[PDB]
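A lone chain, given as structure tokens: the form deposited in one PDB entry.
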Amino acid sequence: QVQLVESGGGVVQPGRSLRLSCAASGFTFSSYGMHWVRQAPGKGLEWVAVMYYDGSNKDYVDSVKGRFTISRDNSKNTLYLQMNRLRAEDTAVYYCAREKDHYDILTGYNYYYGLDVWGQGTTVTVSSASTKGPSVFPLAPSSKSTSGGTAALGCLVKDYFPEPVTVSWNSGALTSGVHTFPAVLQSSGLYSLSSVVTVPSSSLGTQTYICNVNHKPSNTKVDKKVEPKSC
């Protein structure tokens, strides 16, 4: 029943500030040191901040010193993170972790045991982009040739914001050979992904292929038919 839950994440423009919260339960909140850890979209783990009980012992990773503030409200077992003057490098998922320490009286040493319990996390995206539904473009089968072996087709989900977007095929009926690619961040600051599926070249002409693109943020729901070309 010991759990951590981080919330307050979302989209915010560089320069503006955001506040994150971390609720705890199942354990005695006051008796542990709390950390924040973050992870950029495609990168590894990075430690950012840490408070203990006091809170006379707050430390921050260099890139956030004088920019982030960590605090805690023990009455309602909640940890906070003040994020100011946000920038690109702050774009990441932010976790909160628990750590136990121990003071040895005879020695005078303080022992730390590391981060043993984390939360699911919450995403923070710093960008000046506005919510936008994707324009769904078809990719047609058959290239140069026709009717021989196996072919491939799909949908191009271009210029949307923010993540995520769900893609389906024939309302979920088709799940074989389908590769929905992870979205790429375009230079314009907008996202764009490709969803693809491989089928027997014979299934063309009879079978109807429709990709089902769903972008919740903009309340955009599009169903696109994919048909062969001529030339």
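Each form is matched to the other, and the largest set of C-alpha atoms that superpose within 1.5 Å is called the rigid core. All residue numbers are counted from 1 along the displayed sequence.
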Higher-scoring stretch by recorded Cα B factor average, 31 to 39 or 171 to 179: 171 to 179
Segment of higher mean CA temperature factor, 116 to 124 or 91 to 99: 116 to 124
Highest recorded Cα temperature factor - choice among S192, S202, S187, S195: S202
Out of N77, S130, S71, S143, residue topping the C-alpha B-factor column of the entry: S143
Among modelled residues of the same chain, the CA temperature factor third for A24: middle
B-factor third for the C-alpha atom of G149 within its chain: highest
CA B-factor ranking of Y109, expressed as a third of its chain: lowest
Among modelled residues of the same chain, the CA temperature factor third for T206: highest
Third of the chain, ranked by Cα B-factor, where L18 sits: middle
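The form deposited in another entry exists for this protein as well; it is not shown, and the discussion that follows is about that form.
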Option from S135, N84, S147, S128 moving between the shown form and the other one, CA shift at or above 2 Å, rigid core reference: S147
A151 and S145, C-alpha gap in the other form relative to this structure (3 Å or more): closer
